[PDB]
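Reproduced below: entry15.cif, with mmCIF, C-alpha atoms.
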```cif
data_data
#
loop_
_atom_site.group_PDB
_atom_site.id
_atom_site.type_symbol
_atom_site.label_atom_id
_atom_site.label_comp_id
_atom_site.auth_asym_id
_atom_site.auth_seq_id
_atom_site.Cartn_x
_atom_site.Cartn_y
_atom_site.Cartn_z
ATOM 1 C CA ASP W 1 5.125 -25.205 5.437
ATOM 2 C CA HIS W 2 3.784 -21.955 6.922
ATOM 3 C CA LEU W 3 0.770 -19.611 6.784
ATOM 4 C CA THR W 4 -1.776 -22.273 5.819
ATOM 5 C CA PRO W 5 -4.629 -19.818 6.444
ATOM 6 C CA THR W 6 -3.550 -17.427 3.663
ATOM 7 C CA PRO W 7 -6.321 -18.231 1.154
ATOM 8 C CA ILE W 8 -9.347 -17.598 3.376
ATOM 9 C CA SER W 9 -8.321 -14.044 4.215
ATOM 10 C CA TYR W 10 -8.220 -13.399 0.484
ATOM 11 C CA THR W 11 -11.399 -15.353 -0.293
ATOM 12 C CA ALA W 12 -13.586 -13.842 2.373
ATOM 13 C CA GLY W 13 -11.820 -10.574 1.671
ATOM 14 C CA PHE W 14 -13.348 -10.240 -1.778
ATOM 15 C CA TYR W 15 -16.746 -9.951 -0.147
ATOM 16 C CA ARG W 16 -15.299 -8.239 2.938
ATOM 17 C CA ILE W 17 -16.508 -11.106 5.134
ATOM 18 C CA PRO W 18 -14.623 -10.787 8.432
ATOM 19 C CA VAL W 19 -12.169 -13.586 9.194
ATOM 20 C CA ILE W 20 -10.858 -14.450 12.623
ATOM 21 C CA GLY W 21 -7.833 -16.677 13.033
ATOM 22 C CA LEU W 22 -7.244 -18.693 16.191
ATOM 23 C CA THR W 23 -3.743 -20.118 15.639
ATOM 24 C CA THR W 24 -2.076 -17.815 13.097
ATOM 25 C CA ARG W 25 0.537 -15.847 14.964
ATOM 26 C CA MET W 26 2.018 -15.007 11.530
ATOM 27 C CA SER W 27 2.909 -11.344 11.094
ATOM 28 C CA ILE W 28 2.208 -10.969 7.382
ATOM 29 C CA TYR W 29 -1.524 -10.675 8.146
ATOM 30 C CA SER W 30 -0.996 -7.448 10.089
ATOM 31 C CA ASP W 31 -0.961 -5.263 6.998
ATOM 32 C CA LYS W 32 -4.548 -4.175 6.416
ATOM 33 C CA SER W 33 -3.693 -3.497 2.779
ATOM 34 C CA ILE W 34 -3.176 -7.111 1.695
ATOM 35 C CA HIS W 35 -5.538 -8.752 4.186
ATOM 36 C CA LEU W 36 -8.238 -6.239 5.044
ATOM 37 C CA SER W 37 -10.729 -8.612 6.624
ATOM 38 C CA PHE W 38 -8.220 -10.170 8.984
ATOM 39 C CA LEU W 39 -9.115 -10.376 12.660
ATOM 40 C CA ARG W 40 -6.398 -11.574 15.042
ATOM 41 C CA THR W 41 -6.902 -13.068 18.501
ATOM 42 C CA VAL W 42 -3.240 -12.515 19.396
ATOM 43 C CA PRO W 43 -0.338 -10.234 18.416
ATOM 44 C CA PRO W 44 2.270 -11.239 15.812
ATOM 45 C CA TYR W 45 5.914 -12.140 16.422
ATOM 46 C CA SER W 46 6.741 -8.584 15.512
ATOM 47 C CA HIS W 47 4.668 -7.314 18.437
ATOM 48 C CA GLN W 48 6.727 -9.653 20.617
ATOM 49 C CA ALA W 49 9.448 -7.032 20.437
ATOM 50 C CA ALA U 1 4.401 6.552 -12.270
ATOM 51 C CA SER U 2 7.365 7.450 -14.434
ATOM 52 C CA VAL U 3 5.025 8.477 -17.261
ATOM 53 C CA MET U 4 3.036 10.563 -14.799
ATOM 54 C CA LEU U 5 6.261 12.290 -13.844
ATOM 55 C CA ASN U 6 7.236 12.825 -17.491
ATOM 56 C CA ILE U 7 3.793 14.279 -18.180
ATOM 57 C CA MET U 8 4.124 16.612 -15.202
ATOM 58 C CA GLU U 9 7.645 17.571 -16.302
ATOM 59 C CA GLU U 10 6.427 18.259 -19.836
ATOM 60 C CA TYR U 11 3.891 20.784 -18.579
ATOM 61 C CA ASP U 12 6.459 21.766 -15.958
ATOM 62 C CA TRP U 13 4.075 21.195 -13.100
ATOM 63 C CA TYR U 14 6.643 21.056 -10.357
ATOM 64 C CA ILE U 15 4.412 21.028 -7.322
ATOM 65 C CA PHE U 16 2.170 18.054 -6.684
ATOM 66 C CA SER U 17 0.592 15.758 -4.102
ATOM 67 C CA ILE U 18 -0.376 12.120 -4.081
ATOM 68 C CA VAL U 19 -3.713 10.805 -2.943
ATOM 69 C CA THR U 20 -3.593 7.056 -2.761
ATOM 70 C CA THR U 21 -5.597 4.275 -1.175
ATOM 71 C CA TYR U 22 -4.645 1.054 0.583
ATOM 72 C CA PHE U 23 -5.175 -0.654 -2.799
ATOM 73 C CA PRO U 24 -2.159 -2.718 -3.927
ATOM 74 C CA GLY U 25 1.180 -1.159 -4.855
ATOM 75 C CA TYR U 26 0.458 2.047 -2.953
ATOM 76 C CA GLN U 27 3.556 1.895 -0.733
ATOM 77 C CA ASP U 28 5.951 1.207 -3.613
ATOM 78 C CA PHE U 29 4.291 3.861 -5.760
ATOM 79 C CA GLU U 30 5.558 6.250 -3.096
ATOM 80 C CA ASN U 31 8.934 4.542 -3.156
ATOM 81 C CA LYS U 32 9.265 4.638 -6.954
ATOM 82 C CA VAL U 33 8.245 8.292 -6.901
ATOM 83 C CA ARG U 34 10.627 8.957 -4.046
ATOM 84 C CA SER U 35 13.529 7.686 -6.146
ATOM 85 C CA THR U 36 12.364 9.309 -9.400
ATOM 86 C CA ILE U 37 11.588 12.672 -7.823
ATOM 87 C CA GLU U 38 14.641 12.555 -5.519
ATOM 88 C CA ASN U 39 17.318 11.820 -8.097
ATOM 89 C CA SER U 40 16.605 14.908 -10.164
ATOM 90 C CA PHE U 41 18.367 18.160 -9.352
ATOM 91 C CA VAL U 42 15.129 20.126 -9.621
ATOM 92 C CA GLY U 43 13.388 21.390 -6.499
ATOM 93 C CA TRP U 44 9.888 20.058 -7.170
ATOM 94 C CA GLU U 45 7.684 19.630 -4.112
ATOM 95 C CA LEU U 46 5.700 16.714 -2.789
ATOM 96 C CA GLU U 47 3.044 18.273 -0.584
ATOM 97 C CA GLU U 48 1.060 15.393 0.851
ATOM 98 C CA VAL U 49 0.704 11.653 0.597
#
```
Structure encoded using structure tokens:
Amino acid sequence: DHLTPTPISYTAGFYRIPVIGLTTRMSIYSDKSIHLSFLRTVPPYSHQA
Amino acid sequence: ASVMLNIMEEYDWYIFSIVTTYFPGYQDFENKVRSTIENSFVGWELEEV
């Protein structure tokens, strides 16, 4: 499927442990609200615009 | 949010602001309010979000 690294952002997020994805270009992680510990190496497909 | 509006209407407090946080449902809360506040003829004022 897609967005395999959804759970970790939530799981670390409870304790506010920072998470850094290498391969997740997925855009849904850009909203700080839902994933607030997310750290992204590269910009989403949205930023491709 | 609707009940909050009804409560405000009951005391006729027309002018109000919303302080929110990034906590879940914040964006919609604004949306639901935007529809509920907007539909009515009355000139109540949203000051800040």
Next on the checklist: Within 10 Å of chain W, which residues belong to chain U? Use only C-alpha atoms and report them as a list in words.
Outcome noted: residues 21, 22, 23, 24, 25, 26 and 27 of chain U
Item to check | Picked residues, the PyMOL selection byres ((chain U and resi 2) around 12), expected as a VMD selection string | outcome: chain U and resid 1 3 to 9 29 to 37
Next on the checklist: Here's the selection I'm unsure about, the PyMOL selection byres ((chain W and resi 45-49) around 8); applied to the file above, which residues does it give, as JSON, numbers by chain?
Outcome noted: {"W": [25, 26, 27, 43, 44]}
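For the pair CA of residue 43 in chain U and CA of residue 14 in chain U, the interatomic distance is 7.8 Å.
Excluding residue 18 in chain U and any residue on its chain fewer than 2 positions from it, the residues at most 8 Å away by all atoms listed in the file are residues 16, 20, 46, 47, 48 and 49 of chain U.
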Next on the checklist: On this structure, the PyMOL selection byres ((chain W and resi 5) around 12) would catch which residues? List them as a ChimeraX atom specification, sorted by chain and number.
Outcome noted: /W:1-4,6-12,19-26,28-29,35,38
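Across the structure, CA of residue 28 in chain U and CA of residue 18 in chain W are spaced 26.7 Å apart.
Computed from the coordinates, the CA of residue 14 in chain W to CA of residue 41 in chain W distance equals 21.5 Å.
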